[PDB]
Chemist: 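Next up is a structure, given as structure tokens.
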Amino acid sequence: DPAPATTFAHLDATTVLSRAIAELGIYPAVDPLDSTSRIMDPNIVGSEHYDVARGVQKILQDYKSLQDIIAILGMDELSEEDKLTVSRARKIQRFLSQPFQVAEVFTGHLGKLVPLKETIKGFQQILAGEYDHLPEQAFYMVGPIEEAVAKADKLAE
Amino acid sequence: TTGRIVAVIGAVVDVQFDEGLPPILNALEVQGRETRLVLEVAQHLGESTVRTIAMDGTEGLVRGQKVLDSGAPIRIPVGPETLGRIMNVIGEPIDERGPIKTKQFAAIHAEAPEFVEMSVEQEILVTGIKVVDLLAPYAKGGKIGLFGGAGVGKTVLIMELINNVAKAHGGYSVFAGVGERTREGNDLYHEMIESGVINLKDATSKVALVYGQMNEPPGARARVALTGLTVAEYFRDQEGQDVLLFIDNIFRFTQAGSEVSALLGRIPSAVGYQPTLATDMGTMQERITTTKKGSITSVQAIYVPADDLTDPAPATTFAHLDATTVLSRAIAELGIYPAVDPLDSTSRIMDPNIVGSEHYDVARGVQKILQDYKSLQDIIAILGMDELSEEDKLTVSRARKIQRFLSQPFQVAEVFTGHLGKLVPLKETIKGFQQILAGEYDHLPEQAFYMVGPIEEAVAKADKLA
Amino acid sequence: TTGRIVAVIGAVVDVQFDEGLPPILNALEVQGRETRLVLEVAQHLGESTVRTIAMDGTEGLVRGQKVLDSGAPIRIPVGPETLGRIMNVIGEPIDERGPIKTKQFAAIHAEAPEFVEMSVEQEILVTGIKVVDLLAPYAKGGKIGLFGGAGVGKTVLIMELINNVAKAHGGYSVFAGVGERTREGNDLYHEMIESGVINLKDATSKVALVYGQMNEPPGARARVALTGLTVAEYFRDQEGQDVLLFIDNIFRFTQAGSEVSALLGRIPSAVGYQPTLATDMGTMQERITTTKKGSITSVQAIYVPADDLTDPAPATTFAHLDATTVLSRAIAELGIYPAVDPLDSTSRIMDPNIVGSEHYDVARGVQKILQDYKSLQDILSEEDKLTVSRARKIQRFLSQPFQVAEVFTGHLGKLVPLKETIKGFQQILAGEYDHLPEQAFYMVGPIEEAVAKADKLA
Amino acid sequence: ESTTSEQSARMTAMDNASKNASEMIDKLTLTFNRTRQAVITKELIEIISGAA
Amino acid sequence: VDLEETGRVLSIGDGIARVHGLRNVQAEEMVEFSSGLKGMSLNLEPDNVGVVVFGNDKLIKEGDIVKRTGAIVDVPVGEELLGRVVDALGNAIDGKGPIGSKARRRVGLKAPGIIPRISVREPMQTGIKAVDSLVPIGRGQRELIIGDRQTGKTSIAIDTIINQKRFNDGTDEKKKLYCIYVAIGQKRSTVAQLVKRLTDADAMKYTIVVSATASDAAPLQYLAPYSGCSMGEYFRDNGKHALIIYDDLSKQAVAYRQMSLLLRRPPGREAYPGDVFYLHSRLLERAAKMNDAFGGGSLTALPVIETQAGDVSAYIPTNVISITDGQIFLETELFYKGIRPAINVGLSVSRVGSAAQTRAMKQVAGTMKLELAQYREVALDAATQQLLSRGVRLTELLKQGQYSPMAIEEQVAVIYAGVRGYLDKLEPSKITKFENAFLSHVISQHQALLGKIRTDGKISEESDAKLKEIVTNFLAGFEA
Amino acid sequence: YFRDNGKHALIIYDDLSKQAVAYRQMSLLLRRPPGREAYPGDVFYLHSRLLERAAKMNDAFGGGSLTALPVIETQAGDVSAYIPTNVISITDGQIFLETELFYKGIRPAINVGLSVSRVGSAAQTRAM
Amino acid sequence: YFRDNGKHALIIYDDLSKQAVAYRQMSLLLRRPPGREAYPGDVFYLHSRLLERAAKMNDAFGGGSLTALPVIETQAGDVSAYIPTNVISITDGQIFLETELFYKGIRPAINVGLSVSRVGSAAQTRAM
Ligand SMILES: Nc1ncnc2c1ncn2[C@@H]1O[C@H](COP(=O)(O)OP(=O)(O)NP(=O)(O)O)[C@@H](O)[C@H]1O
Ligand SMILES: Nc1ncnc2c1ncn2[C@@H]1O[C@H](COP(=O)(O)OP(=O)(O)NP(=O)(O)O)[C@@H](O)[C@H]1O
Ligand SMILES: [Mg+2]
Ligand SMILES: [Mg+2]
């Protein structure tokens with residue numbers, strides 16, 4: 001639409017929200033494959049930050065491209081490498097969701113603020129397969145990665 | 001007094017008056033024509049000049065040609081002697097049987113019945129058509145709409161209803177042909193003479209006919225529905241009797257309006273339509289109604305441009321109806337006739353407190369299984385039925401049998417189906433679909449359920465196969 | 001008579017005349033400007049004023065500037081002297097070689113031949129190219145859609161066509177660059193010089209060039225196809241020839257028409273095209289036909305917008321086409337040249353009634369055996385093995401060395417007569433050469449050379 | 001016996017699926033292009049109506 | 001000078017001339033330009049007359065004199081036009097000299113109402129097996145021919161025209177069918193090739209060709225169908241029977257859309273005007289069957305519509321389907337497979353033709369209709385093995401070459417063999433070969449049976465038993 | 001009236017799609033040039049000024065309220081359309097109903113993910 | 001200046017989409033007739049006049065050159081919109097960039113299958 005389309009060029013950082021994502025209960029409904037920043041540069045944020053960010057985007061784009069194929073032909077048709085990227089991607093999608101303090105009236109969860117250090121570490125570990133054994137939902141609507149571990153323990157009994 | 005033509009473009013004629021200006025809606029008479037040419041005042045343009053809409057062709061008109069004010073809107077014969085007769089938009093006999101000597105005339109513009117005049121009576125009208133009776137039943141004195149794209153089955157359906165309802169009905173009928181085939185009018189007229197519902201020798205006719213077909217210019221096609229309504233209004237009010245009103249096809253009213261609007265120079269609305277589409281439709285539709293004074297059971301065939309139900313014409317028509325029968329080309333192409341979309345046809349009396357819980361439950365049960373089948377179409381179209389779970393295969397098999405049991409041979413469509421027409425009692429319709437849903441016929445082949453009447457015929461058909 | 005400019009809005013110029021107005025389509029000459037500025041009358045606006053479309057830029061124009069009515073539509077040089085030359089839409093030389101010294105000039109707007117002038121005779125225009133002549137033959141007076149982008153040997157095919165039609169029949173060619181990229185207009189010109197179809201030293205040139213370059217106003221690009229048509233019409237209607245007309249690109253002819261219609265304030269039709277889309281196309285295309293005097297046959301490079309074959313532009317153009325030549329990257333990468341897809345290219349005159357019974361059968365046999373070979377690619381028996389080796393030899397015998405690519409390669413280019421082509425593929429289908437090797441059929445002319453290529457290399 | 005039947009049946013079903021996919025690609029491409037053209041036409045009619 | 005009978009062009013350049021004067025001109029009157037072009041008075045306004053020009057507007061200039069003719073747009077009509085090729089105005093374009101026609105009809109005349117008509121009852125025989133058996137056409141009917149480019153649409157029309165030779169060589173004017181072929185938007189070469197074909201088949205002598213081709217101005221293409229229709233109505237209203245083909249109405253609608261956008265009328269779907277339905281409705285309504293009091297004549301119409309990619313649900317296709325009395329649908333996929341004519345049986349419909357089918361055909365075709373409807377879902381257990389075996393052989397009988405339309409009794413004989421089960425033991429690939437061998441046998445040997453079926457219009461028990469023996473004895477004789 | 005006198009009222013607008021259509025007619029006939037979908041340039045403002053008048057009043061103004069339930073009809077279930085998103089962009093949430101859900105037996109036919117409330121738990125009893 | 005003095009220059013137009021938008025503003029406000037996407041009929045002509053000025057000169061005219069790299073922004077990958085279509089047709093080739101390649105890790109996000117250079121091999125060294 002001409003109004004938002006013309007606005008993009010005036011910005012240094014863009015956070016693009018998506019109804020397709022909000023509809024899933026993923027809040028904030030940020031499209032990780034359509035949000036950009038001038039400072040997303042290894043020389044500015046450092047190689048660790050940049051590598052994890054690009055790694056997260058890659059796994060999510062790989063999953064997005066697979067979703068439609070697996071919806072028709074089935075999960076069992078995927079190679080072990082593909083279904084590993086599926087399960088990790090779905091955990092990554094969930095770990096991007098977060099309870100906001102201003103959204104407590106909507107979520108029923110206490111708001112959380114996550115330090116950048118903890119954000120990088122958390123996604124690093126998921127990407128590295130360190131939580132392959134944990135259920136999907138443990139990663140949904142939490143703050144730091146320690147809460148996902150605690151939630152996984154709580155989800156057992 | 002007298003006016004003079006100052007401008008002509010198609011159906012739109014501007015006329016200047018020297019003394020006394022006709023009010024909007026007045027019928028003007030063009031002087032010197034071989035057959036009566038009526039102009040209806042639409043607007044006052046200023047400078048003693050009016051803009052009018054012609055009720056017949058404007059070829060041969062000259063600037064300066066004299067026009068007289070009749071002092072009234074178009075007035076037509078109304079009463080018992082319209083029965084057995086055919087009239088045009090302006091109430092002229094078009095059946096070569098001489099004058100229509102009614103005792104009264106009526107203007108074709110009347111105001112809609114007021115809110116205080118409304119009836120809340122909701123009684124089922126059983127049609128004997130399985131899809132309709134089961135899922136979206138018609139009501140006595142109710143407004144029924146038959147939606148369909150080109151060639152899908154609107155007219156066959158309205159003709160079957162005339163066959164199933166009118167004979168069981170005790171009163172008068174009015175058929176308005178609006179922008180449809182002239183030869184369809186010829187067929188209907190002569191078939192009514194043959195059957196005797198029109199009698200040329202006696203006063204025993206039960207049907208009045210009004211026609212303005214697709215050979216007519218748009219002014220005539222825009223107004224002829226009002227002519228039909230006016231005839232029905234008389235029978236409803238001045239006789240307080242049960243009236244049936246059949247209109248084929250009401251879309252043509254709105255299309256004709258679009259043609260004139262383009263000639264009136266209005267700024268166009270969406271899809272090139274007249275900006276007045278909805279109000280024009282409302283002022284007309286609100287007259288097609290039952291009142292405390294008398295009953296009109298109305299059935300209107302509704303054409304759907306390019307099969308697009310979101311087109312402003314059909315889209316605006318929905319809210320004017322108590323029951324809707326929506327036909328589908330995809331369904332017709334699968335061989336299911338009548339080509340009713342069972343998930344897009346509705347009725348206000350589809351209510352457990354009205355039709356009883358048994359009727360309601362079977363209807364909703366049928367619709368659930370059909371919807372469950374529908375939202376598997378994506379996967380089925382690619383991989384076929386053999387990939388589905390046993391659970392989903394069961395729902396597909398029953399839904400396909402239900403789809404087929406919803407088809408029915410019409411008395412009117414015998415040449416096309418090759419089968420004798422069938423009329424099914426409501427209780428038998430309920431029972432048949434009840435048994436299918438219960439899985440009582442899971443063992444029977446799907447084709448057994450195709451083009452039958454009652455469920456017993458599906459059993460007998462399967463027995464002949466195996 | 002002399003008029004005066006009363007309006008200038010982009011490439012649209014209004015002119016007032018004191019006496020008789022110039023008819024629609026008349027060329028007007030703007031007075032007092034360095035180069036030549038032609039305005040074509042499009043409308044009579046009333047009050048002695050006409051609306052015109054400019055053939056060049058309108059900058060520097062002043063209201064009141066004098067404008068001369070020429071008395072006719074745009075008139076261009078026609079005759080033998082156009083051959084080897086490059087002219088623009090208004091007939092000016094643009095190759096810096098001086099005036100095009102014809103003894104006749106002709107109006108670019110000319111009515112299509114009348115009903116009584118029509119020929120019912122359906123005749124194959126023999127190109128001498130095996131893929132084309134056998135499977136998707138050209139019809140005299142017909143229109144051929146040329147498909148494929150670049151890198152598929154388009155220009156070499158074009159140059160060989162010009163070479164062959166002049167050599168076999170004795171008919172000349174006309175190339176109309178409609179929306180020509182100036183760089184590619186230069187390349188084509190120098191490639192034609194190298195191939196010999198244009199000769200700068202004598203009068204043996206086989207093509208006349210007409211360029212309407214991309215940086216020219218809508219009016220110029222819209223009319224340049226007509227200019228090319230008019231050059232071709234001379235060779236037909238005055239010299240009784242079977243003429244070839246190339247139009248590169250037909251979509252850019254449509255596009256320029258849409259732009260002109262837009263500039264004149266005409267309300268766009270479906271998909272933004274001019275309301276006159278079909279008549280703009282028809283008045284041009286109908287001039288390409290077989291008459292009693294001769295024929296103009298046209299090869300028209302087709303761009304399909306959005307790869308949508310139902311788009312109004314290609315859909316309207318397709319109504320006028322009698323054949324297709326599909327140039328394919330897949331055929332090119334297999335080393336087969338010309339890179340013509342032998343299954344995708346079709347012709348309306350591939351009929352046992354129009355072409356010979358011998359022509360139809362062999363061509364149908366070549367089609368079947370190439371489709372059956374593709375069917376057996378997925379998977380053989382003795383009958384299947386026989387059909388595979390036959391088809392692979394047919395794939396190669398469809399390839400051809402071109403006369404135009406002789407200095408570049410060194411390999412002798414070949415023009416193959418029609419009956420030599422038919423009997424060549426006939427002798428392969430019958431299995432008469434399944435006794436001989438496969439690659440002896442690659443890059444040769446007449447079948448006698450494929451036998452000799454097996455006789456020499458045994 | 002089972003694997004001979006299973007491999008034949010998979011070959012069969014996938015042949016038909018690939019055919020159904022082909023027909024759906026054509027059907028969808030046609031819907032795409034009708035919509036593509038309609039969007040352009042509709043936008044233009046709104047522009048023309050506003051200008052007139 | 002005479003501002004009542006004459007006027008001067010004020011402006012010209014959007015297909016419309018604005019003319020000052022002409023004070024006495026009628027709405028829809030033909031006017032004449034100085035150059036010799038004709039025009040129609042469309043818009044009568046206080047200060048000017050808007051004139052639609054039936055030719056190239058280059059030939060009209062501001063200041064040109066325009067004259068009244070006093071006549072609502074009309075065309076010559078009559079038998080003098082038979083054998084001739086004319087433009088949209090009815091002027092000869094074949095170089096064969098003057099056309100003698102004295103009478104004229106208004107091109108815009110409204111179709112007959114309800115009372116002058118009677119139900120279609122008389123066969124309009126195409127000579128095409130697929131059509132005459134499964135999609136029968138009656139005299140007075142409108143039957144749409146619809147399909148993608150190059151699917152065989154025109155060929156249906158041409159074979160139908162050629163077919164009428166057998167009736168037209170007779171002396172009974174009631175059985176005769178005079179033909180009108182309207183070319184709209186076509187290539188001139190295509191029309192020329194068409195007349196050549198008709199001439200070779202001795203069909204041109206009972207045919208009028210009206211042509212407004214791709215290079216003719218849009219108003220001429222707009223006009224052509226109406227002009228041809230008036231030439232057809234001459235026969236309809238003279239107690240005779242005419243057949244008209246509009247080839248094609250898609251191109252006419254495009255021409256009208258050009259005119260309408262240039263007039264700045266508000267566009268809708270695909271930029272078509274709101275009266276585009278009415279454009280075709282008023283035209284096709286004029287094909288009609290008249291009652292005996294009106295002379296008993298008829299005009300049958302075969303309008304042609306071109307689809308994009310088989311889409312019959314588009315605006316113009318649906319418009320014409322909502323006008324005509326059924327359609328013959330030609331399908332690219334079938335044409336590609338070599339099925340010719342490429343008629344989709346299941347999707348084709350005749351709404352009124354069954355009453356206009358001979359009893360002879362009604363018999364064998366009704367059971368073929370049934371046997372094909374039972375084949376369009378099975379396309380192995382013995383119950384469905386017979387349904388498939390019969391359906392493929394019947395489909396082979398529906399194949400037909402061009403330019404040799406068949407007598408109805410010859411059609412009834414070939415269909416008889418497949419329906420009664422005289423092809424079941426023969427292989428599907430050899431049915432086509434059998435049919436032609438069987439047809440030459442019945443023509444050469446048994447004229448008495450073919451003549452009797454033709455006269456009676458029915459297969460009686462004597463005819464059925466006699467035909468039973470012939471096919472049995474030929475089947476035993478037919479080897480390879 | 002109720003709102004400004006310490007009372008509570010609920011208002012239903014059934015429906016605003018039809019109001020927009022009536023307003024479009026008036027505007028086109030006043031010769032005000034059309035915008036998107038032939039609706040007037042300020043079709044948003046038509047609904048936004050109406051719906052803003054639904055409000056909760058502080059105790060100084062009586063503590064009264066007016067709650068609005070406007071109704072919008074979609075075509076083919078497109079919640080993401082022009083006029084729908086116009087009105088979604090005014091209200092404090094929406095209840096989105098679908099035919100698919102309706103016939104599946106999901107009645108009321110509410111799509112949970114696509115429906116929202118912009119007030120949330122603040123409008124609920126502690127029990128709920 | 002460099003081109004005409006025997007030197008070589010490279011020009012980047014970043015971007016021509018925005019230039020077209022500015023020209024459209026002027027044309028519409030001058031009440032010139034709108035076309036597809038409200039652009040005027042001379043919008044092709046705008047860009048073709050500009051881009052044809054990039055040229056390689058022969059030795060007779062100094063042997064200089066001007067190379068152009070115009071930039072076009074598409075919307076949701078629509079390379080068939082009006083302005084993209086124009087500039088695609090004008091140029092000698094295109095480098096197509098795509099969002100899903102970018103996020104897959106294909107950076108630069110060039111679609112190698114769709115991108116083309118009609119000059120091709122003529123512009124490469126023997127080593128390449
Ligand atoms: N029954 C038939 N058997 C064999 N060939 C046929 C038959 N009918 C038509 N054809 C051929 O098919 C081709 C196309 O037929 P035609 O009758 O031109 O269809 P069309 O749809 O009118 N074409 P167009 O108007 O150009 O889009 C012609 O070459 C015919 O000779
Ligand atoms: N109930 C039915 N049973 C069998 N065939 C049917 C039925 N309804 C329609 N058809 C077929 O469809 C054709 C058209 O039916 P009809 O009721 O005239 O459709 P319509 O929607 O009124 N068409 P139109 O008025 O042209 O938009 C018939 O001639 C039949 O061939
Ligand atoms: Mg109907
Ligand atoms: Mg044709």
Side-chain angles (χ1 to χ4, degrees), chain B residues 129 131 146-160 179-181 184 214 248-249 251-252 301-305 327 329 332 335-340 407-419 421 451, chain C residues 318-322 347-354, chain E residues 128-130 135 144-159 183 185-187 190-191 193-194 197 245 247-248 250-251 304-307 318-327 330 332 335 338-343 348-354 398-405:
Chain B
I129 306 168
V131 254
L146 320 176
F147 291 83
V152 300
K154 293 179 295 298
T155 301
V156 164
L157 180 50
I158 209 166
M159 295 314 293
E160 192 71 3
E180 285 307 318
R181 298 173 180 79
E184 288 174 345
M214 66 177 73
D248 200 359
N249 184 293
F251 164 78
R252 300 295 179 200
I302 302 153
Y303 180 83
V304 180
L327 305 177
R329 183 178 307 285
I336 305 296
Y337 286 110
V340 179
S407 74
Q408 190 177 335
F410 280 4
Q411 220 148 134
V412 143
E414 291 181 347
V415 174
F416 307 110
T417 61
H419 296 100
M451 285 289 165
Chain C
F318 292 162
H320 296 276
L321 305 179
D322 299 299
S347 178
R348 279 173 170 168
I349 63 149
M350 248 293 292
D351 195 299
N353 304 308
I354 301 160
Chain E
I128 308 162
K129 295 169 285 180
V135 201
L144 173 60
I145 301 168
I146 183 168
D148 288 350
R149 87 183 97 91
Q150 289 284 304
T151 49
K153 302 191 295 307
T154 303
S155 302
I156 300 293
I158 297 317
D159 275 15
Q186 294 188 211
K187 291 195 288 177
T190 305
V191 189
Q193 280 153 27
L194 204 295
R197 184 68 66 177
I245 299 133
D247 202 354
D248 62 66
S250 300
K251 291 178 182 58
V304 180
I305 284 285
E306 178 193 84
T307 45
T318 51
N319 281 350
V320 182
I321 295 171
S322 80
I323 297 160
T324 53
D325 309 318
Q327 324 84 53
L330 301 166
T332 311
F335 192 82
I339 304 286
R340 258 157 254 205
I343 294 166
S348 301
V349 191
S350 183
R351 303 193 194 181
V352 301
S354 175
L398 293 182
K399 281 170 172 186
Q400 199 167 344
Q402 267 186 114
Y403 316 125
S404 295

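Letters A, B, ... are given to chains in the order of the sequence lines, protein chains preceding strands, and every chain is numbered from 1. In listed order, ligands and their atoms are each counted from 1. All values below come from the heavy atoms of this structure, side chains included, with hydrogens, waters and symmetry mates left out.
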Chemist: Counting each atom of ligand 2 from 1 as listed, which ones have a heavy atom of B:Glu180 under 4.0 Å away?
Modeler: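 Those atoms are 25 (O).
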Chemist: Find out whether E:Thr154 and E:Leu194 are in side-chain contact, i.e. whether some heavy atom of one side chain is under 4.5 Å from a heavy atom of the other.
Modeler: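 Touching, per the 4.5 Å side-chain cut-off.
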Chemist: Between the candidates B:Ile129, B:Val156, B:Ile302, which shows the shortest non-hydrogen contact distance to atom 15 (O) of ligand 2?
Modeler: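 Minimum heavy-atom distance to atom 15 (O) of ligand 2 goes to B:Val156.
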Chemist: Using distance alone, decide if ligand 1 has a nitrogen or oxygen within less than 3.5 Å of any nitrogen or oxygen in E:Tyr403.
Modeler: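 No, E:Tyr403 has no N/O under 3.5 Å of an N/O on ligand 1.
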Chemist: Please say whether B:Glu184 places an N or O atom under 3.5 Å from an N or O atom belonging to ligand 2.
Modeler: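 N/O-N/O distance under 3.5 Å: no.
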Chemist: Just which atoms of ligand 2 are under 4.0 Å from any heavy atom in E:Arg351?
Modeler: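 With E:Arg351 as reference, the close atoms of ligand 2 come out as 14 (C), 18 (O), 23 (N), 24 (P), 26 (O), 29 (O).
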Chemist: Using a strict cut-off of 4.0 Å, indicate which atoms of ligand 1 neighbour a heavy atom of C:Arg348.
Modeler: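 Result: 26 (O).
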Chemist: Given B:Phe410, B:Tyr303, B:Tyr337, which has its nearest heavy atom closest to atom 7 (C) of ligand 2?
Modeler: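 It is B:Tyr337 that holds the nearest heavy atom.
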Chemist: Is the shortest side-chain heavy-atom distance between E:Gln193 and E:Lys187 below 4.5 Å?
Modeler: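 Not in contact.
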Chemist: Would you confirm whether B:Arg329, through its side chain, and B:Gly151, through its main-chain N or O, come within 3.5 Å as a donor-acceptor pair?
Modeler: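 No: the side chain of B:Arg329 does not pair with the backbone of B:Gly151.
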Chemist: Looking at ligand 2, would B:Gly148 count as a contact under a 4.0 Å heavy-atom criterion?
Modeler: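 No; B:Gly148 lies far enough from ligand 2 that no heavy-atom distance drops under 4.0 Å.
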Chemist: Are B:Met159 and ligand 2 in contact, using a heavy-atom cut-off of under 4.0 Å?
Modeler: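 In this structure, B:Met159 fails to qualify as a contact of ligand 2 - no heavy atom is under 4.0 Å.
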Chemist: Provide, to 0.1 Å, the distance between atom 25 (O) of ligand 2 and the closest protein heavy atom, together with that atom's residue and name.
Modeler: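 The answer is B:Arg181 NH1, 3.2 Å.
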Chemist: Any N or O on E:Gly152 sitting closer than 3.5 Å to an N or O of ligand 1?
Modeler: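 Yes, E:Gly152 has an N/O under 3.5 Å of an N/O on ligand 1.
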Chemist: Identify, by atom number and element, the atoms of ligand 1 in contact range of E:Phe335, meaning under 4.0 Å from any of its heavy atoms.
Modeler: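 Once the distances to E:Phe335 are compared, the set is 12 (O), 13 (C).
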Chemist: For a 4.5 angstrom cut-off between non-hydrogen side-chain atoms, does E:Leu330 reach E:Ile156?
Modeler: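 In contact.
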Chemist: Using a strict cut-off of 4.0 Å, indicate which atoms of ligand 2 neighbour a heavy atom of E:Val349.
Modeler: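 What qualifies from ligand 2 is 31 (O).
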Chemist: If I take every N, O or S atom of E:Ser155, is at least one of them less than 2.8 Å from the Mg ion (ligand 4)?
Modeler: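 Looking at E:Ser155, which is the residue asked about, there is no N, O or S atom under 2.8 Å from the Mg ion (ligand 4).
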Chemist: Which ligand 2 atoms are under 4.0 Å away from a heavy-atom of B:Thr417?
Modeler: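 Those qualifying, in numeric order: 3 (N), 4 (C).
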Chemist: With the side chain counted from C-beta on, respond yes when E:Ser322 and B:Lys154 share a heavy-atom pair under 4.5 Å apart, and no when they do not.
Modeler: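 Result no, sub-4.5 Å side-chain heavy-atom pair not found.
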Chemist: Between the candidates B:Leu146, B:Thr155, B:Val304, which shows the shortest non-hydrogen contact distance to atom 22 (O) of ligand 2?
Modeler: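 Result: the heavy atom closest to atom 22 (O) of ligand 2 is in B:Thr155.
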Chemist: Which of the numbered atoms in ligand 1 are below 4.0 angstrom from a heavy atom of E:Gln400?
Modeler: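 That gives atoms 1 (N), 2 (C), 3 (N) of ligand 1.
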Chemist: For B:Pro338, is at least one N or O under 3.5 Å away from an N or O on ligand 2?
Modeler: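 Between B:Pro338 and ligand 2 (N or O atoms, distance only) the closest approach is not under 3.5 Å.
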Chemist: Would you mind reporting whether E:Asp159 and E:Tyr403 have side-chain heavy atoms less than 4.5 Å apart?
Modeler: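 A side-chain contact exists here, since the closest heavy-atom pair is under 4.5 Å.
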Chemist: Can you tell me the protein heavy atom closest to atom 20 (P) of ligand 2 and the distance?
Modeler: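 The answer is B:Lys154 N, 3.5 Å.
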Chemist: Out of curiosity, is B:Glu160 lining ligand 2, as in a heavy atom under 4.0 Å away?
Modeler: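 It does not; every heavy atom stays at 4.0 Å or beyond.
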Chemist: Of the protein's non-hydrogen atoms, which lies at the shortest distance from atom 14 (C) of ligand 1, and what is that distance?
Modeler: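 Checked against all protein heavy atoms, atom 14 (C) of ligand 1 sits closest to E:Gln150 OE1, 3.4 Å.
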Chemist: When you look for heavy atoms under 4.0 Å from ligand 2, do you find them on the side chain of E:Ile321, its backbone, both, or neither?
Modeler: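 The part of E:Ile321 near ligand 2 is the backbone, not the side chain.
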Chemist: Which residue and non-hydrogen atom of the protein lie closest to atom 23 (N) of ligand 2, and at what distance in Å?
Modeler: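 Minimum-distance protein heavy atom for atom 23 (N) of ligand 2 reads B:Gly151 N, 3.1 Å.
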Chemist: Closer than 4.0 angstrom: is that true for some heavy atom of E:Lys399 and an atom of ligand 1?
Modeler: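 Flag not set, E:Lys399 not near ligand 1.
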Chemist: Which of the numbered atoms in ligand 2 are below 4.0 angstrom from a heavy atom of B:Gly149?
Modeler: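 Going through ligand 2 atom by atom, the ones under 4.0 Å from B:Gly149 are 21 (O).
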Chemist: Does the protein put any heavy atom within less than 4.0 Å of atom 27 (O) of ligand 1?
Modeler: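 Protein heavy atom within 4.0 Å of atom 27 (O) of ligand 1: present.
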Chemist: Are any of the N/O atoms on E:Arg149, whether in the backbone or the side chain, positioned under 3.5 angstrom from an N/O atom of ligand 1?
Modeler: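 No: no nitrogen or oxygen of E:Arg149 is under 3.5 Å from one in ligand 1.
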Chemist: Which bit of E:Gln186 is near ligand 1, meaning a heavy atom under 4.0 Å away: side chain, backbone, both or neither?
Modeler: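 Looking at E:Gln186 and ligand 1, no heavy atom falls under 4.0 Å.
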Chemist: Out of B:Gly153, B:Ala413, E:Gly353, E:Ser354, whose heavy atom sits nearest atom 19 (O) of ligand 2?
Modeler: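 Heavy atom nearest to atom 19 (O) of ligand 2 belongs to B:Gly153.
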